Amino acid sequence: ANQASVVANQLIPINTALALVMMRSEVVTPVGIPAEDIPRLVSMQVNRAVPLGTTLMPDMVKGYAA
């Protein structure tokens with residue numbers, strides 16, 4: 001219900017390291033990576049370009065295991 005996910009605050013280019021300015025949280029459906037994992041996501045790379053407003057999913061971040 002009120003579970004917030006990590007949503008792209010800007011387009012994030014392929015193979016680019018995640019920076020805090022790139023990640024906002026939002027209550028979106030389907031649920032993706034929980035918003036409390038934003039600290040852990042810093043400096044991990046995406047394996048695909050992520051458009052603005054996309055929910056960050058576990059399979060999109062290289063090295064991500066919850």
# chains A, B, ... in the order shown; residues from 1 in each chain; ligands from 1
>>> select_by_dssp(residues="stretch 11-56 of chain A", states="alpha helix (DSSP H)", output="ChimeraX atom specification")
/A:38-41
>>> write_last_selection(atoms="N, CA and C atoms", output="PDB file, in the first residue's frame")
ATOM      1  N   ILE A  38      18.095   3.624  -1.335  1.00  0.00           N
ATOM      2  CA  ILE A  38      18.818   4.644  -2.082  1.00  0.00           C
ATOM      3  C   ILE A  38      20.274   4.807  -1.578  1.00  0.00           C
ATOM      4  N   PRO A  39      20.665   4.900  -0.302  1.00  0.00           N
ATOM      5  CA  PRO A  39      22.070   4.944   0.115  1.00  0.00           C
ATOM      6  C   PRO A  39      22.944   3.841  -0.452  1.00  0.00           C
ATOM      7  N   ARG A  40      22.447   2.595  -0.409  1.00  0.00           N
ATOM      8  CA  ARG A  40      23.104   1.407  -0.924  1.00  0.00           C
ATOM      9  C   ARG A  40      23.269   1.505  -2.423  1.00  0.00           C
ATOM     10  N   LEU A  41      22.303   2.067  -3.136  1.00  0.00           N
ATOM     11  CA  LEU A  41      22.430   2.205  -4.581  1.00  0.00           C
ATOM     12  C   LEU A  41      23.488   3.189  -5.068  1.00  0.00           C
TER      13      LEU A  41
END
>>> residues_around(residues="stretch 47-58 of chain A", least_positions_apart="6", cutoff="9 Å", atoms="only C-alpha atoms", output="PyMOL selection string")
chain A and resi 5-16+23+25-26+28-33+64-66
>>> write_last_selection(atoms="C-alpha atoms", output="short mmCIF file (atom, residue, chain, number, x, y, z; two decimals), in the first residue's frame")
data_model
loop_
_atom_site.label_atom_id
_atom_site.label_comp_id
_atom_site.auth_asym_id
_atom_site.auth_seq_id
_atom_site.Cartn_x
_atom_site.Cartn_y
_atom_site.Cartn_z
CA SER A 5 10.11 2.75 -4.64
CA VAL A 6 13.14 4.37 -6.17
CA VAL A 7 12.10 6.39 -9.25
CA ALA A 8 14.49 8.06 -11.73
CA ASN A 9 14.60 11.77 -11.04
CA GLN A 10 16.37 12.30 -14.43
CA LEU A 11 17.26 9.97 -17.38
CA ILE A 12 20.12 7.79 -16.10
CA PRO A 13 22.45 6.76 -19.05
CA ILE A 14 23.53 3.14 -19.59
CA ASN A 15 26.50 2.07 -17.44
CA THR A 16 26.52 5.13 -15.35
CA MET A 23 16.98 9.04 -7.30
CA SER A 25 11.13 7.99 -4.08
CA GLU A 26 7.47 7.58 -4.94
CA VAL A 28 4.27 3.64 -7.68
CA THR A 29 2.85 0.40 -9.02
CA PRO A 30 4.38 -2.15 -9.67
CA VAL A 31 6.73 -1.81 -6.68
CA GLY A 32 10.46 -1.73 -7.51
CA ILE A 33 13.54 -1.21 -5.27
CA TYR A 64 22.14 -5.34 -6.63
CA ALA A 65 20.95 -8.06 -4.29
CA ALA A 66 18.55 -7.02 -1.51
#
>>> select_by_dssp(residues="chain A", states="strand (DSSP E)", output="list in words")
residues 5, 6, 7, 8, 23, 24, 25 and 26 of chain A
>>> decode(residues="stretch 13-43 of chain A", atoms="N, CA, C and O atoms", output="JSON list (two decimals), in the first residue's frame")
[["chain", "number", "residue", "atom", "x", "y", "z"],
["A", 13, "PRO", "N", 21.80, 7.41, -17.88],
["A", 13, "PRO", "CA", 22.45, 6.76, -19.05],
["A", 13, "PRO", "C", 22.93, 5.34, -18.79],
["A", 13, "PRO", "O", 23.26, 4.99, -17.64],
["A", 14, "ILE", "N", 23.01, 4.48, -19.80],
["A", 14, "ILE", "CA", 23.53, 3.14, -19.59],
["A", 14, "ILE", "C", 24.93, 3.19, -19.00],
["A", 14, "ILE", "O", 25.71, 4.10, -19.27],
["A", 15, "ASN", "N", 25.20, 2.27, -18.07],
["A", 15, "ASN", "CA", 26.50, 2.07, -17.44],
["A", 15, "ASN", "C", 27.03, 3.27, -16.73],
["A", 15, "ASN", "O", 28.23, 3.58, -16.76],
["A", 16, "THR", "N", 26.13, 3.94, -16.03],
["A", 16, "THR", "CA", 26.52, 5.13, -15.35],
["A", 16, "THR", "C", 26.26, 4.86, -13.89],
["A", 16, "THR", "O", 25.38, 4.09, -13.52],
["A", 17, "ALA", "N", 27.15, 5.35, -13.07],
["A", 17, "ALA", "CA", 27.02, 5.16, -11.63],
["A", 17, "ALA", "C", 25.90, 6.02, -11.03],
["A", 17, "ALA", "O", 25.74, 7.20, -11.37],
["A", 18, "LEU", "N", 25.07, 5.44, -10.16],
["A", 18, "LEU", "CA", 23.99, 6.18, -9.54],
["A", 18, "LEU", "C", 24.51, 7.19, -8.53],
["A", 18, "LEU", "O", 25.41, 6.92, -7.72],
["A", 19, "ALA", "N", 23.99, 8.41, -8.68],
["A", 19, "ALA", "CA", 24.28, 9.50, -7.78],
["A", 19, "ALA", "C", 23.00, 9.86, -7.03],
["A", 19, "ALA", "O", 21.91, 9.63, -7.58],
["A", 20, "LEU", "N", 23.04, 10.41, -5.81],
["A", 20, "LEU", "CA", 21.82, 10.78, -5.09],
["A", 20, "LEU", "C", 20.86, 11.70, -5.84],
["A", 20, "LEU", "O", 19.66, 11.54, -5.69],
["A", 21, "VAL", "N", 21.33, 12.63, -6.68],
["A", 21, "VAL", "CA", 20.49, 13.55, -7.46],
["A", 21, "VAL", "C", 19.62, 12.83, -8.49],
["A", 21, "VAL", "O", 18.58, 13.30, -8.93],
["A", 22, "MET", "N", 20.05, 11.62, -8.85],
["A", 22, "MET", "CA", 19.32, 10.82, -9.79],
["A", 22, "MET", "C", 18.15, 10.06, -9.15],
["A", 22, "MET", "O", 17.29, 9.59, -9.92],
["A", 23, "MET", "N", 18.00, 9.93, -7.83],
["A", 23, "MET", "CA", 16.98, 9.04, -7.30],
["A", 23, "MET", "C", 15.99, 9.71, -6.39],
["A", 23, "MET", "O", 16.40, 10.24, -5.35],
["A", 24, "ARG", "N", 14.70, 9.71, -6.71],
["A", 24, "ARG", "CA", 13.69, 10.25, -5.82],
["A", 24, "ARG", "C", 12.83, 9.07, -5.35],
["A", 24, "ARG", "O", 12.97, 7.97, -5.91],
["A", 25, "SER", "N", 11.97, 9.14, -4.35],
["A", 25, "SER", "CA", 11.13, 7.99, -4.08],
["A", 25, "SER", "C", 9.68, 8.33, -4.33],
["A", 25, "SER", "O", 9.28, 9.50, -4.19],
["A", 26, "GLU", "N", 8.87, 7.32, -4.65],
["A", 26, "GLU", "CA", 7.47, 7.58, -4.94],
["A", 26, "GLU", "C", 6.66, 6.34, -4.70],
["A", 26, "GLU", "O", 7.23, 5.26, -4.75],
["A", 27, "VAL", "N", 5.35, 6.44, -4.44],
["A", 27, "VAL", "CA", 4.50, 5.29, -4.27],
["A", 27, "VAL", "C", 3.98, 5.06, -5.67],
["A", 27, "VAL", "O", 3.16, 5.82, -6.22],
["A", 28, "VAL", "N", 4.55, 4.01, -6.29],
["A", 28, "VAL", "CA", 4.27, 3.64, -7.68],
["A", 28, "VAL", "C", 3.91, 2.17, -7.72],
["A", 28, "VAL", "O", 4.19, 1.43, -6.77],
["A", 29, "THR", "N", 3.29, 1.77, -8.83],
["A", 29, "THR", "CA", 2.85, 0.40, -9.02],
["A", 29, "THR", "C", 3.26, -0.06, -10.42],
["A", 29, "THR", "O", 2.86, 0.62, -11.37],
["A", 30, "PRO", "N", 3.91, -1.20, -10.68],
["A", 30, "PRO", "CA", 4.38, -2.15, -9.67],
["A", 30, "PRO", "C", 5.50, -1.62, -8.78],
["A", 30, "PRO", "O", 6.16, -0.64, -9.10],
["A", 31, "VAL", "N", 5.70, -2.22, -7.62],
["A", 31, "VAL", "CA", 6.73, -1.81, -6.68],
["A", 31, "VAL", "C", 8.09, -2.21, -7.24],
["A", 31, "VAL", "O", 8.22, -3.32, -7.79],
["A", 32, "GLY", "N", 9.11, -1.36, -7.12],
["A", 32, "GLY", "CA", 10.46, -1.73, -7.51],
["A", 32, "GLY", "C", 11.33, -1.70, -6.26],
["A", 32, "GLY", "O", 10.91, -2.12, -5.17],
["A", 33, "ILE", "N", 12.57, -1.24, -6.38],
["A", 33, "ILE", "CA", 13.54, -1.21, -5.27],
["A", 33, "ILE", "C", 13.01, -0.31, -4.16],
["A", 33, "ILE", "O", 12.62, 0.82, -4.47],
["A", 34, "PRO", "N", 12.94, -0.72, -2.90],
["A", 34, "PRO", "CA", 12.44, 0.13, -1.83],
["A", 34, "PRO", "C", 13.25, 1.41, -1.67],
["A", 34, "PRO", "O", 14.48, 1.40, -1.76],
["A", 35, "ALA", "N", 12.57, 2.52, -1.41],
["A", 35, "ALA", "CA", 13.23, 3.81, -1.24],
["A", 35, "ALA", "C", 14.32, 3.87, -0.18],
["A", 35, "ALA", "O", 15.29, 4.62, -0.29],
["A", 36, "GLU", "N", 14.29, 3.05, 0.86],
["A", 36, "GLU", "CA", 15.34, 3.05, 1.85],
["A", 36, "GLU", "C", 16.64, 2.49, 1.31],
["A", 36, "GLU", "O", 17.69, 2.66, 1.92],
["A", 37, "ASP", "N", 16.63, 1.79, 0.17],
["A", 37, "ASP", "CA", 17.88, 1.34, -0.39],
["A", 37, "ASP", "C", 18.59, 2.37, -1.23],
["A", 37, "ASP", "O", 19.65, 2.06, -1.77],
["A", 38, "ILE", "N", 18.10, 3.62, -1.34],
["A", 38, "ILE", "CA", 18.82, 4.64, -2.08],
["A", 38, "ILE", "C", 20.27, 4.81, -1.58],
["A", 38, "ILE", "O", 21.16, 4.78, -2.42],
["A", 39, "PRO", "N", 20.66, 4.90, -0.30],
["A", 39, "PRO", "CA", 22.07, 4.94, 0.12],
["A", 39, "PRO", "C", 22.94, 3.84, -0.45],
["A", 39, "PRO", "O", 24.04, 4.13, -0.96],
["A", 40, "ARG", "N", 22.45, 2.60, -0.41],
["A", 40, "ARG", "CA", 23.10, 1.41, -0.92],
["A", 40, "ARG", "C", 23.27, 1.50, -2.42],
["A", 40, "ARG", "O", 24.32, 1.11, -2.93],
["A", 41, "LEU", "N", 22.30, 2.07, -3.14],
["A", 41, "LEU", "CA", 22.43, 2.20, -4.58],
["A", 41, "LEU", "C", 23.49, 3.19, -5.07],
["A", 41, "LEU", "O", 23.93, 3.12, -6.22],
["A", 42, "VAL", "N", 23.95, 4.13, -4.23],
["A", 42, "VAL", "CA", 24.96, 5.10, -4.66],
["A", 42, "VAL", "C", 26.17, 4.33, -5.13],
["A", 42, "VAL", "O", 26.55, 3.37, -4.45],
["A", 43, "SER", "N", 26.71, 4.74, -6.26],
["A", 43, "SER", "CA", 27.83, 4.21, -7.01],
["A", 43, "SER", "C", 27.62, 2.86, -7.67],
["A", 43, "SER", "O", 28.55, 2.34, -8.28]]
